[PDB]
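Note sheet for the following structure.
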Amino acid sequence: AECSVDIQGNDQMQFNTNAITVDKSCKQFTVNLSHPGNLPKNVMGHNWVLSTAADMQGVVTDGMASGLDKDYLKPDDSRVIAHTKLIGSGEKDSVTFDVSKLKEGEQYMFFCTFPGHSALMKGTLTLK
Ligand SMILES: [Cu+2]
């Protein structure tokens, strides 16, 4: 019944959530990302990126290949459903997207595209 979720990305290269369930009653969903850490954006930058579980690997690979000058996300990557900007220590960013971009029974994954972060910074998302 809640169409938003507060998520944190810290200096331990960890998100504080492993799973997110988007309620069908929601026409839109909001992700409020914050960085409670103290490490510089260049060494511990975090973002919240959503894609199907199948597309995660490709998005992550082409993301790091795009460098910091692109918030580690390939421009016009159709595989990306939604994303927050790349934030550093003490910062916050929110993104709201149309839930109609998701379908029941499909596996989605949220993750950080900063090089190497997705090893720990990834979780599941489903429409239910
Ligand atoms: Cu990160």
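Those letters in the sequence shown? Residues 904 to 1031, by this note's numbering. Heads up, the beta-carbon is just placed ideally off N, CA and C, and yes, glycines get one too.
Bounding residues of the beta strand (DSSP E) (the contiguous stretch that carries residue i)
{"i": "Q931", "result": "931-937"}
{"i": "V946", "result": "Here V946 belongs to no beta strand (DSSP E); instead the alpha helix (DSSP H) covers 944-947."}
{"i": "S907", "result": "907-911"}
{"i": "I923", "result": "922-925"}
{"i": "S1021", "result": "Careful: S1021 lies outside any beta strand (DSSP E) and carries neither H nor E."}
{"i": "residue 867", "result": "Since the first residue shown for the chain is 904 and the last is 1031, residue 867 is missing from the structure and cannot be characterised."}
{"i": "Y1011", "result": "1011-1014"}
Heavy atom of ligand 1 within 8 Å of residue i beta-carbon
{"i": "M916", "result": "yes"}
{"i": "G970", "result": "no"}
{"i": "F1017", "result": "yes"}
{"i": "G1008", "result": "no"}
{"i": "residue 850", "result": "The shown model of the chain, from 904 to 1031, leaves out residue 850, and the question about it has no answer."}
{"i": "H1020", "result": "yes"}
{"i": "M1024", "result": "yes"}
{"i": "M959", "result": "no"}
{"i": "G912", "result": "yes"}
Pairwise C-alpha distance: residue j and residue i
{"i": "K977", "j": "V952", "result": "12 Å"}
{"i": "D1001", "j": "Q915", "result": "31 Å"}
{"i": "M967", "j": "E905", "result": "33 Å"}
{"i": "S992", "j": "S937", "result": "9 Å"}
{"i": "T933", "j": "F1017", "result": "21 Å"}
{"i": "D926", "j": "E1009", "result": "14 Å"}
{"i": "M1024", "j": "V946", "result": "15 Å"}
{"i": "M959", "j": "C1015", "result": "10 Å"}
{"i": "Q931", "j": "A985", "result": "12 Å"}
{"i": "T999", "j": "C929", "result": "11 Å"}
{"i": "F918", "j": "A957", "result": "21 Å"}
Start-to-end residues for the alpha helix (DSSP H) that takes in residue i
{"i": "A968", "result": "959-968"}
Buried/exposed call for residue i, threshold 16 Cβ in 10 Å
{"i": "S954", "result": "buried"}
{"i": "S981", "result": "exposed"}
{"i": "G1019", "result": "exposed"}
{"i": "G961", "result": "exposed"}
{"i": "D974", "result": "buried"}
- Task: Would you be able to state if there are at least three C-beta pairs under 8 Å between the region 916-924 and the region 1021-1028?
- Result: yes
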